[PDB]
2 protein chains.
Amino acid sequence: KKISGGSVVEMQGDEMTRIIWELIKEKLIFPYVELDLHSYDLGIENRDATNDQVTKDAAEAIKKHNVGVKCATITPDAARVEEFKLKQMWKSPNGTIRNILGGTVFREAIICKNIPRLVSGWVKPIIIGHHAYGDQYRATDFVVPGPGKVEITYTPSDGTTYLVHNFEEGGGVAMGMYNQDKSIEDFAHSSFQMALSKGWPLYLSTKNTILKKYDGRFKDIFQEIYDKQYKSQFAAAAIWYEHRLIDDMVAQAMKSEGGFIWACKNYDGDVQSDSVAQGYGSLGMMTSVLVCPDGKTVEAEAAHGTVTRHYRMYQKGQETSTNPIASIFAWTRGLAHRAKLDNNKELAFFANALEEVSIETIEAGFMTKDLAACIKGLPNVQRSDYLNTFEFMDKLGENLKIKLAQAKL
Amino acid sequence: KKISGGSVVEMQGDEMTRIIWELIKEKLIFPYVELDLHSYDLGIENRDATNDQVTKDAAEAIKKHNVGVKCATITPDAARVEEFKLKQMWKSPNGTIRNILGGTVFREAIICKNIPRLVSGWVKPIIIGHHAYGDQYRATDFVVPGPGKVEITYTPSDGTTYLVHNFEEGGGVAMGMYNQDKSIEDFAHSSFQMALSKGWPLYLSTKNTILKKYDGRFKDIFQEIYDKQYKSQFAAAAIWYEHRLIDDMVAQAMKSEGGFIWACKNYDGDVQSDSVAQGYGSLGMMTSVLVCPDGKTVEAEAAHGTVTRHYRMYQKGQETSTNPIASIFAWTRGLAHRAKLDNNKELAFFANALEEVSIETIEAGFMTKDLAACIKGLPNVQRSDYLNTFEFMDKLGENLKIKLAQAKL
Ligand SMILES: NC(=O)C1=CN([C@@H]2O[C@H](COP(=O)(O)OP(=O)(O)OC[C@H]3O[C@@H](n4cnc5c(N)ncnc54)[C@H](OP(=O)(O)O)[C@@H]3O)[C@@H](O)[C@H]2O)C=CC1
Ligand SMILES: NC(=O)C1=CN([C@@H]2O[C@H](COP(=O)(O)OP(=O)(O)OC[C@H]3O[C@@H](n4cnc5c(N)ncnc54)[C@H](OP(=O)(O)O)[C@@H]3O)[C@@H](O)[C@H]2O)C=CC1
Ligand SMILES: CC(C)CCOc1nc(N2C[C@@H]3[C@H](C2)[C@H]3C(=O)O)ccc1C(=O)N[C@@H]1[C@@H]2C[C@@H]3C[C@H]1C[C@@](O)(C3)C2
Ligand SMILES: CC(C)CCOc1nc(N2C[C@@H]3[C@H](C2)[C@H]3C(=O)O)ccc1C(=O)N[C@@H]1[C@@H]2C[C@@H]3C[C@H]1C[C@@](O)(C3)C2
């Protein structure tokens, strides 16, 4: 009687996001869907026990089945190394998975009509992605004690040098970088595939720098792959591609209506943080998806962390108000991609239905505390203005069952 | 009967900004001030005739007299090389002057109450500066044909190597950089001196990058020079200093009231453009000042170009509506700095009076076309909504004479 969903790689997480992960699976997914679920436990304890092998196994699983949904994990530091008595300070799992699959991360904010945004003029979505390290890119730096010269060199592997400074007085710091064309091509392919997947135009952002020969490369690569492999595909989808230099891109974007993909490029180390900033809107309403340049493999993930403070409240038995939208949308976007790969329209209908239910619920006046403060301001919110974690999950469950019952008339 | 203003280095410019430069000097300055004016003509023709020597002479003059006011010039390109039949494609004069004096450029928008700003929540000024090349900094880049390895090296001048990639398949692009501590110290000193000169707090913005050893240097240098040479100077001025990473700085700034100095740092090639963007507000209301790390030498300049299109209209005898505020404020800020160096309070009173007159005039409803459109929108402005270049200059003249006559009762 349930829907046959297919094969999905699951990755479990830590702390509060773990609690809510199991809530979602028990209340919103399994009652209506039957899955071929390949579950990997990326909790800090298990990762320590397997010496981080479980992370790699999960990554390869995603490489095999093309669909992965991940719960927020912990990136250990010294403090954590003490808390759990870890063997090593284990690397961030997100970076490992990303390095294995080789895609690009794109982040998005879920829009509700009664939730104010950073710019009031924004109506439509905005989806942002950065070209970060990993790769096939890498870099290095070091300090310089005193007078000397720093020079760069290149030794061809098949049978055969510049200068950056010959300074005299004073010390300093030197740095060198390399960037394969492959990472540029993968970044471009992933961007185009994302814009086609969403049906929005694509803008590429770039700085004006002294590194001219390097600046022109991103240009010519994006533009060429476009002219050769996506011109007509974009024509048929009524979307387009353009380049902007970021100084203009930011201003123009701030007085646009939204509705575009933003591929951000800084001609240096951008790195890829596990989470997005903090002051651009509620983090519970922000998602991320890792898209590979082949357009077939996808990893869905909440764009925030494990919410440690709330977990501390939960351990001591106190009332929490944690926003589950981002994780829910990890599940719904994963399942949606599954449906596209399988041409399973039941699954697609269910996923879009669950997203509609979440947005409708919040817009009807039922929300967690973070959104209530987002409306009024935290020094003005009262208890009657919001619902706790479990209350909100129950509300979502009710409204979902209702919508599905209506659809079956 | 006029005010004795002292020594001021003047630099004349090109095209429309030149026309308006002479208007300002004849209508707003010389009737009330008597100067020891060292005039250098940086018009494109003279720069070509002197092989750009006049630019250097001017720069040294500023080094001697500590005060320079500059009109917008032309940075020639191929087209210009044809238009004026130039010998070479002469370098931007602003870059030459800046390289000789060794300061930092700071940009600001003149606030009027009836002129909408990029963010409505902004009440107070915001003053922005970037750490750019020149120096003592420099960089380099180049393409890589195929398999090989790129490595960086450092040869000490006093008696004695890393690796950035050993890639196999594929070509790419490599790059190297160096940054003396001296440019960092000069950037910091200039920033602190600017915040003290204006009476606003100072925030330093920085990225999160893989170049860790290089990232910590800016940190420790700024913080140390602060702890040693400016802690009590900032205490007495009721201002403070803080660091932000730009991801948070942008968000927090967008919902602040303004009123701070913003020292922007990107761990790579920022370069220094002659002009600021375009979509952050009317360019006629934007200024720039070059401040040297010694806190004594200053160059005032409009933050826009020569306005070539308007000049084309003027050549053909058509009505123009060019905004003179930025240039006026170059004069007023130059004179103000002169007054501070000489403890000449007459001059300071006159400068602040002229700024007050400009702002009052615009706020009273008399403005050029760019601001009228800034209020309504260009498809809605009529001729009755604004005044042409000469009309507006005459209005300013009247209001200035009035204010001065009032002050003498
Ligand atoms: N694997 C991953 O994808 C990520 C993992 N992490 C891990 O997350 C853990 C904690 O990171 P942290 O620094 O706490 O950043 P978090 O995003 O985990 O929480 C940060 C703050 O943002 C607000 N917030 C975030 N999500 C929600 C939500 N769903 N509902 C309500 N408020 C929310 C809360 O503010 P308030 O407390 O004011 O309500 C919270 O304290 C660390 O161990 C880190 O390693 C970090 C980033 C992502
Ligand atoms: N030495 C310097 O400080 C600088 C020199 N330049 C030189 O300036 C010349 C032209 O540069 P350009 O690209 O035209 O940029 P400009 O700043 O000279 O003019 C650009 C546009 O901005 C608007 N604008 C700027 N200033 C005003 C003003 N005072 N009143 C009204 N509108 C204004 C106009 O838009 P609209 O036409 O829509 O009204 C104008 O067409 C070039 O030769 C360049 O080399 C460039 C930057 C600074
Ligand atoms: C347009 C400008 C006000 C810059 C906005 O910047 C960001 N906006 C985000 N959104 C988009 C919008 C919110 C959340 C979503 C929505 O409401 O629908 C998410 C992340 C960044 C972000 O990290 N931006 C950084 C920063 C702004 C630019 C881009 C990038 C790098 C940079 O150096 C320059 C600092
Ligand atoms: C706060 C964010 C919306 C970024 C704003 O950015 C800028 N605002 C300017 N103002 C300040 C404000 C207007 C004009 C004046 C006023 O109205 O009083 C002038 C220049 C830039 C600018 O060039 N910013 C660029 C860009 C925004 C950030 C800083 C910098 C580099 C970056 O990569 C990141 C792109």
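First residue shown is number 1, and so on along the chain.
Placement of Cβ uses the backbone N, Cα and C atoms for every residue, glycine included.
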Position flagged as phosphotyrosine [Swiss-Prot], chosen from B:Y40, B:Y137, B:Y226:
B:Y40
Between B:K91, B:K182, B:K316, which does Swiss-Prot record as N6-acetyllysine?
B:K316
Which recorded positions from the set B:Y137, B:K207, B:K255, B:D270 come near ligand 2, judged by a Cβ under 6 Å from any of its atoms?
none
What subset of the recorded positions B:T75, B:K124, B:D247, B:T308, B:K316 has a Cβ positioned less than 8 Å from a Cβ of chain A?
B:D247
Comparing local Cβ density (other Cβ atoms within 10 Å) for the binding-site residues B:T73, B:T75, B:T306, B:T308 points to B:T73
Select, from B:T73, B:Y137, B:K219, B:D247, B:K316, each of the recorded positions with a Cβ positioned under 6 A from at least one atom of ligand 3; if none does, say none.
B:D247
Among the recorded positions B:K228, B:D247, B:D270, B:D274, whose Cα is within 10 A of the Cα of B:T75 (NADP(+) binding site)?
B:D274
Can you give me the CA-CA distance across the unmodelled stretch from B:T160 to B:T161? There are 3 residues absent, and I want it in whole angstrom.
10
Among the recorded positions B:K124, B:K207, B:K316, B:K395, whose Cβ has the fewest other Cβ atoms within 10 Å?
B:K316
Quick note, B:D247 (Mn(2+) binding site): same-chain residues at least 6 apart with CB under 8 Å of its CB -> B:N208
